[PDB]
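Notes for the structure review
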Amino acid sequence: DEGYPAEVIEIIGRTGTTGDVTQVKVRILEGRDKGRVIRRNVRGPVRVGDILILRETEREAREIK
Amino acid sequence: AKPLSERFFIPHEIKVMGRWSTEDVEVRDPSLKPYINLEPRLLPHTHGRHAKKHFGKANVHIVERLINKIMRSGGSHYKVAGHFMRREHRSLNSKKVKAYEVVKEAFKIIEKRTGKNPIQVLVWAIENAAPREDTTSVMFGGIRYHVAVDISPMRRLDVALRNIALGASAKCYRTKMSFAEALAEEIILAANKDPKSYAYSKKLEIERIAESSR
Amino acid sequence: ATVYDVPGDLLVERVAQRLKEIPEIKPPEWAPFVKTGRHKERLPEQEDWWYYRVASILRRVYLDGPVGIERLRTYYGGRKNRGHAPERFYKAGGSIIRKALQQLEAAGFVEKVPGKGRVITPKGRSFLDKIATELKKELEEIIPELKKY
Amino acid sequence: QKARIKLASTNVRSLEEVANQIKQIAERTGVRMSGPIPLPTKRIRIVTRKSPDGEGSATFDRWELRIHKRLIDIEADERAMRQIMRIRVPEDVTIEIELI
Amino acid sequence: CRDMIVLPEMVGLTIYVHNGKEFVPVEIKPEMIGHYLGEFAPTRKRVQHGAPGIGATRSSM
Amino acid sequence: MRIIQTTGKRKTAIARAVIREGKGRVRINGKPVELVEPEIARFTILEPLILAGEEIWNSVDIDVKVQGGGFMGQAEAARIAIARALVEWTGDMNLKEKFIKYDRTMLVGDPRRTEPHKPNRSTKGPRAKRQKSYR
Amino acid sequence: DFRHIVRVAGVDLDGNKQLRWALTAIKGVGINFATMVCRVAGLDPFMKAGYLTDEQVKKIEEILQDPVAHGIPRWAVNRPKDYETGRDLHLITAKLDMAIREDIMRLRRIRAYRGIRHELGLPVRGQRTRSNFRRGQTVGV
RNA sequence: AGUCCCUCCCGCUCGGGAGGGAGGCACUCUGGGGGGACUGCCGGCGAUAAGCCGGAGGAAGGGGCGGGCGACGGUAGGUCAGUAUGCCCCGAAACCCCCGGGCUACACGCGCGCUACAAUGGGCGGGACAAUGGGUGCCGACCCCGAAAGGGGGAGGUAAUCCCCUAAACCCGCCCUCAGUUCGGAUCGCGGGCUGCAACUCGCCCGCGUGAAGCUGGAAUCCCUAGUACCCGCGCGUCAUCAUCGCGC
Ligand SMILES: [Mg+2]
Ligand SMILES: [Mg+2]
Ligand SMILES: [Mg+2]
Ligand SMILES: [Mg+2]
Ligand SMILES: [Mg+2]
Ligand SMILES: [Mg+2]
Ligand SMILES: [Mg+2]
Ligand SMILES: [Mg+2]
Ligand SMILES: [Mg+2]
Ligand SMILES: [Mg+2]
């Protein structure tokens, strides 16, 4: 109901129709799957060390080249 | 009207506008914590030296961010609450003094009505108005579809501030309410998760649309 | 204390109130029916605007003398709305300023320096500075930092 | 008992040569001369349309002419006055002398 | 002389004022005092529009 | 009888400041700094003094002459001149260190100037242009 | 005392408005002329119109009858140097309307240029007519 | 700015201001010469090369920022109505002067703009701060007359010296309180002026009066990355008079 915080640890690359989306690797900080590393798609400027609030932690973005 | 003790006000400590201290204001959200600047500072006017460098806006006091946000016309090329609002030659563009006065009076009203520190109320409002998930558009067969993605913290802060400013601007357009009163009302409503707040309703709609298209 | 130690508008208000005791200061007969410049639109609303204008002119002469009619006309100009055309700056009229200066000279507050304009007499300087001192004495009761000056 | 000399030219180097000649003339004699004062430069700027007709995008030329000036004060000494009266200036320098 | 001012002593006469191609007659009345002669000799013909031609609208080009 | 002079510049505004031993009186073109309006302009000048502290503030007298530019441009030039005069007078590097942390521009100045205009709607700006139409 | 409706010179005036703005409802009286007559009559222009007494109304109407005789400058009336009598006059409402109509009729009788322009309903003071002043319907091709 | 002298004000003068004269080149400014930044230093990636990414110091950091200069050619792109020029035509008119008209017409379609549709305001009184340029067929301070536009004299200036030249947005106090209104000022009546040989067609300015459409704009579509865009005024060109324009500040 409040989401789970995750920390960005690596930047993969830009994607999307107009280069508006970045793909990152994050580590869950809290919850059932705390500690796991998964990849996600982010909209907006982002750098290593930022914290995202994921509403659920079972969807993983498809890998890009 | 205004007392002479207020027209000629002399501060003696480093605090926001010489009237409010940000020593006890706390940010609950861990994602927005490093992006809401609360360092001690008297005058919130940095003369726009931050826009040059990437991520430079991180170290700009939040009150100056709000002042810059409301220093606008409001409805130039998209409709807010069903109307264009083109202020044109009677807008607040480049008039940073008037925006300063508007924000100061709004803070006074907020403190009078709720009895709390205005900066804390502003922090609560922006925490409640910041979305957590958004969507991007794809085109297939001549039809436009949505795909859900996540939002970085700085964009969350920017969207929250812009929506607060837009709601305040809409509340005082061709009505009897003044700009300062509308801003105070919008902040108070957003702080209490009241659906009548423009920013809170916009956040709810954004999150619902993003959820329904995962 | 001097004129430089007090805000201008408050001093003008006090001086305008005081000037009503001088028998030589009287509005002319055409005062009720005129505007203060071609860039204005409606007549003055205060029933005693003459004294305010005279006090402002006196304080102006104190600070920038010697000065003549044309420069004062430039000072009291402003922006004019021209209907469908863009706004423009314009000067003020001449009768008001000339009559005010003549009355002030008759009262002994200003004098005429040939080829240069009008300057403030010692009597007028004392007259302004005494009021300024009184105003500053009142003002520092609520702003303690003014005691140093 | 003092003379005032005004120099103006469109070339800086010739002006410097004439000023240095006057300075040396004053040096080789017992006479006080206030240094050459540089007065502000005159700029003449003219902006014109380039094309002869009116078709096409509008583009402009900005032509400029610069005029430099110097000022020199020297006390009237007949021994030194004759020397500066006989010095020959280039055709692109204007000189005027007056007694104050 | 289209710029001559009508004077009281001119009342009662008839004057032919050039209008560009011809002299038109004007009979001076007392209420004409103070006006120019050219005010009574129009120089343009009244306009009666015909049907708009090709190129009068975007779709006619 | 120490007298120190300093200079400040900000987009065509020039300020010259003189600092000496005194009682704490500061004047801008003859006016006491406490009467400067609007408030946003007054706070710009007062920041270096507030950072310095009350003890230093009440021990010196400063007189500033500023010309050119606008009301906001003149305030910043005076602020720069006052900061430089303060750091040079007391000559302690703890105060100098504090100024750099709070605002670097207090001591190094601001080199920004207006950009010259160009054709195609010259009067509006160097980069603003006339609206383009195709039919 | 207070009356919500006061009639002056055949026009009913609001009683809640300031006298200077209330008097502007009369055709032929603007804000400046109203202030002039208020000052001449010895009445505060900021008083409510609803506190007028009958003698004051009579005085105001008398002033409006012949302002020049009561000290209003000759360059402030709305018809100086009358075409028939040669005097300086101020007209209001029906008399003003008929005077304007008479002026236009005089222009029309002598077949002057301005008279023709009035008859045809076209601009009179030298405007261009190719682009603006369009009032009609589009004509097709 | 510090130092000296004279005069005048204030809380009566311990103190604090303003002018004037001596005096000075400190500060600002003006204009000649010179210094300063080079991927030079540090850590990574790449090949150990070319380079790229991130830091230290620094007024300035990676074409430091903004301009000038547009290759061989093409576009049968525009210009013979700026000037030069071949051919063909008029050559007592298609050459040269003078007077009066027109380019300014008006059911209508379109481009670029200005002013607004109001409180992120309108009005009235008062208080603040510029830069670029221009001046002898001219810029004109200062005095007098007039309500305004204007009128009569007139110092200084061939100009870092005299003048244009005490900008507006902004700030303080009072009136209006969401209304086609104290919003908007188109249109028209009467009167007063200036330039000019001449103001009707066909000029610009001022006073009083009158008070149109317009309550935020469909499908579409334009400009802009930092002292930039938005908002605010000013100078020059054109010019006897006339700027909703161009180029600049
Ligand atoms: Mg003013
Ligand atoms: Mg307006
Ligand atoms: Mg610009
Ligand atoms: Mg060709
Ligand atoms: Mg061709
Ligand atoms: Mg044409
Ligand atoms: Mg044609
Ligand atoms: Mg209005
Ligand atoms: Mg005409
Ligand atoms: Mg409305």
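Residues numbered from 1 in each chain as written, not as in the entry; some residues may be left out. Chains lettered and ligands numbered in written order. Part of a larger assembly, values for the part shown. Heavy atoms only, no water.

Deposited coordinates in this entry are attributed by the record to cryo-EM, at a stated resolution of 2.77 Å.

Structural notes on the interface of chain B and chain C
In many analyses, interface size is given as the accessible surface area lost on bringing the parts together. Listed by partner, the interface residues are 4 residues for chain B and 6 residues for chain C. When chain B packs against chain C, close to 470 Å² is buried across both sides, 70% of that on carbon and sulfur atoms. Its largest share of buried area at the contact with chain C, chain B owes to B:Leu4, B:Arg7 and B:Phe8, together 70% of the area lost on that side. Across the contact surface, chain B and chain C share 1 salt bridge. The salt bridge partner of C:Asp9 is B:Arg7, with a shortest N-O separation of 3.3 Å. At the junction of chain B and chain C, the tally comes to 2 residue pairs in polar contact. (Contact = heavy atoms within 4.5 Å. Buried area = accessible area lost by both parts, 1.4 Å probe. Salt bridge = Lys/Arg side-chain N within 4 Å of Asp/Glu carboxyl O. Polar contact = N/O pair within 3.5 Å; in protein donor to acceptor, adjacent residues only side chain to side chain.)

Some thoughts on the side chain of A:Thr22
Residue and element names in this part refer to chain A. Within the fold, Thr22 resides in strand β2 (residues 21–28). Of the residues examined, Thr22 reaches a relative accessible area of 6% and is grouped as buried. Not counting residues within four places of it along the chain, the set of residues in contact with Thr22 comprises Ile11, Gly13, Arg14, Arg40, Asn41, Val42 and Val46. (Helix = DSSP H or I, 4+ residues; strand = E, 2+ residues; numbered from the N terminus. Buried < 20%, exposed > 50% of the residue type's maximum accessible area, 1.4 Å probe, protein only.)

With respect to the arrangement of the chains
Considering every one of the 8 pairs of chains in contact, the largest contact total is recorded for chains A and B. There is no contact between chain D and chain G; across them, the least C-alpha separation is 24 Å.

Thoughts on the pattern of salt bridges
Any two side chains of opposite charge can pair, so long as their charged atoms come close to each other. Residues and elements named next belong to chain F. All chains considered together, the criterion is met by 61 salt bridges over all chains. A salt bridge links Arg10 to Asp110; the shortest N-O distance between them is 3.7 Å. Remark: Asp110 occurs in the segment after α5 (105–108) and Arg10 occurs in strand β1 (residues 4–10); sequence separation between them is 100 residues.

Comments concerning the packing of aromatic side chains
Counted according to the given criterion, the structure contains 6 aromatic pairs over all chains. Taking the centre distance of 4.8 Å and the plane angle of 90 degrees together, the rings of C:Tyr75 and C:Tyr76 count as edge-to-face. Seen from their ring centres, C:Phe109 and C:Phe127 are 4.8 Å apart, and the 25 degrees between their planes marks the pair as stacked. With a gap of 18 residues between them, C:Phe109 in the loop between α4 (95–106) and β3 (110–113) and C:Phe127 in helix α5 (residues 122–139) connect regions that are remote in the sequence. With respect to burial, C:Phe109 and C:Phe127 carry one shared label: buried. Cation over ring: B:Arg86 sits above B:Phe84, and NZ or CZ is 4.5 Å from the ring centre. Across the ring face of C:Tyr51, the terminal group of C:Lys20 is positioned such that the distance to the ring centre comes to 5.8 Å. (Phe/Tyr/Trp six-rings, centres within 6.5 Å; stacked < 30°, edge-to-face > 60°. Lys NZ or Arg CZ within 6 Å of the ring centre and 35° of its normal.)

Focus on the sheet that holds strand β5 (residues 60–67) of chain F
Residues and elements named next belong to chain F. One open sheet holds the 5 strands; their spatial order is β1-β2-β5-β3-β4, and the pairing between them is mixed. Because the sheet does not close on itself, it has two edges, and the strands there are β1 and β4 (31–32). Pairing geometry for β1 and strand β2 (residues 13–21), over 7 bridges, is antiparallel. When the sheet's bridge partners are listed, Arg10 is paired in β2 with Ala13. Across the sheet, helix α3 (residues 71–90) is in contact with β1, β2 and β5; its angle to β1 comes to roughly 145 degrees. (Pairing = 2+ DSSP bridges. Axes fitted to C-alpha atoms, helices over the stretch in contact; angles between N-to-C directions.)

Considering a nonpolar patch on the surface
Residues and elements named next belong to chain D. Residues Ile44, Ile46, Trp63 and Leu65 make up a contiguous nonpolar surface patch of roughly 430 Å² in combined accessible area. Residue assignment for the nonpolar patch shows that the elements contributing at least two residues are β2 (33–49) and β3 (60–75). By the element assignment, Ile44 lies in strand β2. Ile44 sits in the partly exposed class, given a relative accessible area of 42%. (Patch = residues over 30% accessible without salt bridge, like charges linked within 9 Å, V, L, I, M, F, W, Y side chains within 5 Å. Areas by Shrake-Rupley, 256 points an atom, 1.4 Å probe, with all protein chains shown as cover.)

Here's the deal with helix α4 (residues 93–102) of chain F
All names here are of chain F. Here α4 has its buried residues at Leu95, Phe99 and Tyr102. Relative to the axis of α4, the buried residues are bounded by an arc of 70 degrees and lie together on one face. The exposed residues of α4 that point more than 90 degrees off its buried face are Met93, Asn94 and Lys101. Contact partners of the buried residues in α4: α1 (39–52), α3 and α5. (Arc of directions from axis to C-beta.)

Some remarks on unusual backbone geometry
A cis geometry characterises the amide bond from C:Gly65 onward to C:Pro66, with omega recorded as 0 degrees. Positioned with a positive phi, B:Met17 is a non-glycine residue whose angle comes to about 55 degrees. Mapped onto the elements, B:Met17 comes out in the loop between α1 (4–7) and α2 (62–70). You will see that G:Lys81, though not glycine, has its phi angle at about 60 degrees, which is positive. Relative to the assigned elements, G:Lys81 resides in the loop between α3 (54–65) and α4 (94–109).

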